[PDB]
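**Student:** My questions all concern the structure below.
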Amino acid sequence: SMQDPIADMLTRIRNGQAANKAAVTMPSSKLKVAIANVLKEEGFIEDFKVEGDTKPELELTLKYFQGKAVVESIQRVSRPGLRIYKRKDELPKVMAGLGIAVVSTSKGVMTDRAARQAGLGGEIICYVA
Amino acid sequence: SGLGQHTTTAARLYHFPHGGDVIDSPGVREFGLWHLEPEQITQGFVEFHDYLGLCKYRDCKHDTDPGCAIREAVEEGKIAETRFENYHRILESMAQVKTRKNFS
Amino acid sequence: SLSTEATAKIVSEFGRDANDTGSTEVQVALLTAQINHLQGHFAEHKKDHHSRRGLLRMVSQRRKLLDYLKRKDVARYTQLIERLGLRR
Amino acid sequence: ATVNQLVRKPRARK
RNA sequence: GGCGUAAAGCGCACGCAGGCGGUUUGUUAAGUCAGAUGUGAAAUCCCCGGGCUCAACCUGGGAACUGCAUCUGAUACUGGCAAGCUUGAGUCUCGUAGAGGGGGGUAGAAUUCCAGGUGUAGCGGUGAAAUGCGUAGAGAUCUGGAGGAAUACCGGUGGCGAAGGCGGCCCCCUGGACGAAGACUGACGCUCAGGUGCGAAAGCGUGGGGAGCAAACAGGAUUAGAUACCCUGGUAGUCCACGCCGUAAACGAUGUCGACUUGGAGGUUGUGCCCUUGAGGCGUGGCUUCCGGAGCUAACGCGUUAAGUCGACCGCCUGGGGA
RNA sequence: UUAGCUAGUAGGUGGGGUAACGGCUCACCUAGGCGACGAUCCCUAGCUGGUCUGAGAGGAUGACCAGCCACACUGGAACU
Ligand SMILES: Nc1nc2c(ncn2[C@@H]2O[C@H](COP(=O)(O)OP(=O)(O)NP(=O)(O)O)[C@@H](O)[C@H]2O)c(=O)[nH]1
Ligand SMILES: [Mg+2]
Ligand SMILES: [Mg+2]
Ligand SMILES: [Mg+2]
Ligand SMILES: [Mg+2]
Ligand SMILES: [Mg+2]
Ligand SMILES: [Mg+2]
Ligand SMILES: [Mg+2]
Ligand SMILES: [Mg+2]
Ligand SMILES: [Mg+2]
Ligand SMILES: [Mg+2]
Ligand SMILES: [Mg+2]
Ligand SMILES: [Mg+2]
Ligand SMILES: [Mg+2]
Ligand SMILES: [Mg+2]
Ligand SMILES: [Mg+2]
Ligand SMILES: [Mg+2]
Ligand SMILES: [Mg+2]
Ligand SMILES: [Mg+2]
Ligand SMILES: [Mg+2]
Ligand SMILES: [Mg+2]
Ligand SMILES: [Mg+2]
Ligand SMILES: [Zn+2]
């Protein structure tokens, strides 16, 4: 059903980005905040707010160029049907280093560019292309 | 139940004890009359040769034409009416086989 | 399922008050009395294969609800199985 | 298509 | 890599094992990751060299051997334990719609049989005829009775059901679906190989039943022949009980569930408010058809009910024919 | 188009046994063991370090070199 909520999060981002929507809403969680705040610090989105404490509702502000999609495509890599893990030197790049790869480690959620100074590996979340 | 079967194939050759050859035939239910004009249908019957040139007109369908001397010979009894009713059945079969077209 | 007098009483039998109606042990008893209500029906009506689908739904629904109380707290499980006559 | 289907039986090479 | 039509989504449903799983916190460090030790024989391959006049070839050291075992770490995610939370999935009440199934009665046309009455030369059938029926009075009409099976109109891309399917009315028993207001349990869930049940019609077994229709067959036309077509009849079967058989172009030729993404023309079914100022105005869920944008597609077309973008799981296909 | 297999079989006591533990062997005691994570049956095959192919992942195989196991006309047995 909603068994991969991160893949449900990537579905709601990719649709409203392409369909010229100004802002989207989604059910919040701890892990969804730990991904959207990284995308806010990497220039892909604008802002996020939390609403509700018994039903946590996350909101995302979209971002455009001249009415053109900033996030052109995003790819869920690991999934509950097949888990993907890499080491500190087998971290894949997106568009040969242009896009970022969201990898959550013990030192929080960071990119593979940020995992060079950290020297860790773990679960690949999404290819932000 | 009331029919016949064609088991033996087209033609197998053998010899008579005296002389000559034999040719067997298939069980055939077909009638190919695409060859020639219905003038040749008039020539296809033996006793109808000697009664030609006796009717009224120089051309005659011999069924719907008044004064057919061939029809007078059938009414006389020198020609049986089984052959005459089958004669125009051949001509009316050319009204139904000819319909689509066929040529060699 | 049943009338109002049969429904509301069994909720008061196994519930702590009149509001204790959504709990799992009540839901077992709602299906237990319903299958016991349909014992003589399907014996006479073996050619009613369409109402048998509703019967096999409630047997499968009761089995799933017995699996929840058994995996969490077996003390309330051992009470209800003999109090309604289960485990055969 | 499913990876979990190939756990039971792999792709049958002709 | 695909499964609407190119080969392919089991006919459908239940459900064990298996896979997978919302959200908050703590704990374990299981999976994973970081570091280190030991090990992964040599030769081969790779890096830089050296040597045989050169190359092949031989060879120095390093790298590689992505492996496995152990220790010390980090705790975001996955797993286990613990306590939870409510939007998922369920429970109650008040209601509404429906050919949902089973059982038992009952109605009236029509068909045919039989009884009676009045009544006369054809009825019947086809492109045209014949077989067949009828002066024992057919056919037609009217009265009365018997049996059998089906339900005109309503009735419509209308409704219901997992599907095949389901249609006179009435009673009884019984199933799911949907809506409103809240209360309540607290992930109780999704999915499914074997297993399990349902599953059009034909046909099979035993015992009933018999109008109409109707394989085989009888008979007459057609014809080259008629075996088929057409027509007059007619058994099995169609009907019911009791089983078995389990295949269909069982088709939406689309497996199920969930999350989102511009919209219209309508239908069906509710509910909330409103000069009730009319069966209306304004909203808002469930179900359903036809158009159509972006997007997808081999084309056709699909297009908020996807064949758009994705996840969870399962089935199935690998040139045609053989098959 | 292999679903049940297995009575020295699974475990225990004691005796015996080899260089060493042990159903390795024997009496007794228990009725378990294995198995849809493929037991068992049938067919095929020495395996590995590697070679070859391939961008890689994979794919096919095991001659020469090296490591190990088995075998020495067929079958069985013990001595040294
Ligand atoms: N009583 C009888 N039977 C006969 C006579 N002649 C032939 N038959 C039978 O008729 C049948 C047909 O004979 P056949 O010669 O096979 O016929 P056909 O015409 O050759 N057949 P096809 O068309 O296959 O070649 C046979 O069974 C044969 O015995 C006869 O004079 N009397
Ligand atoms: Mg009801
Ligand atoms: Mg292809
Ligand atoms: Mg096809
Ligand atoms: Mg189907
Ligand atoms: Mg080596
Ligand atoms: Mg070396
Ligand atoms: Mg070397
Ligand atoms: Mg040189
Ligand atoms: Mg009648
Ligand atoms: Mg509570
Ligand atoms: Mg029979
Ligand atoms: Mg007929
Ligand atoms: Mg029968
Ligand atoms: Mg079939
Ligand atoms: Mg269609
Ligand atoms: Mg368009
Ligand atoms: Mg459309
Ligand atoms: Mg084939
Ligand atoms: Mg011993
Ligand atoms: Mg040698
Ligand atoms: Mg060797
Ligand atoms: Zn003439």
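Residue numbering: from 1, along the chain as shown.
This entry, so its header tells us, was determined using electron microscopy, 5.2 Å.
Backbone N, Cα and C atoms are what each Cβ position is placed from, and that goes for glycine too.
These came from Swiss-Prot, pasted as-is:
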{"type": "BINDING", "residues": "B:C55, B:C60, B:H62, B:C68", "note": "Zn(2+) binding site"}
{"type": "REGION", "residues": "B:45-77", "note": "region 'Required for binding to mature and immature 30S ribosomes'"}
**Student:** In sequence order, what residues of the same chain, 6+ apart, have a Cβ less than 8 Å from the Cβ of B:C55 (Zn(2+) binding site)?
**Tutor:** B:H62, B:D65, B:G67, B:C68, B:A69, B:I70
**Student:** Would you list the DSSP helix, strand and coil counts for the residues of the region 'Required for binding to mature and immature 30S ribosomes' (B:45-77)?
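**Tutor:** So the region 'Required for binding to mature and immature 30S ribosomes' (B:45-77) is made up of 8 helix, 0 strand, 25 coil.
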**Student:** Applying the rule Cβ within 8 Å of the centroid of the Cβ atoms of B:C55, B:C60, B:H62, B:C68, what extra residues of the same chain belong around the Zn(2+) site?
**Tutor:** B:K56, B:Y57, B:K61, B:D65, B:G67, B:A69, B:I70, B:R71
**Student:** Around B:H62 (Zn(2+) binding site), how many other CB atoms lie within 10 A of its CB?
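**Tutor:** Cβ-Cβ neighbours of B:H62 (Zn(2+) binding site) within 10 Å number 17.
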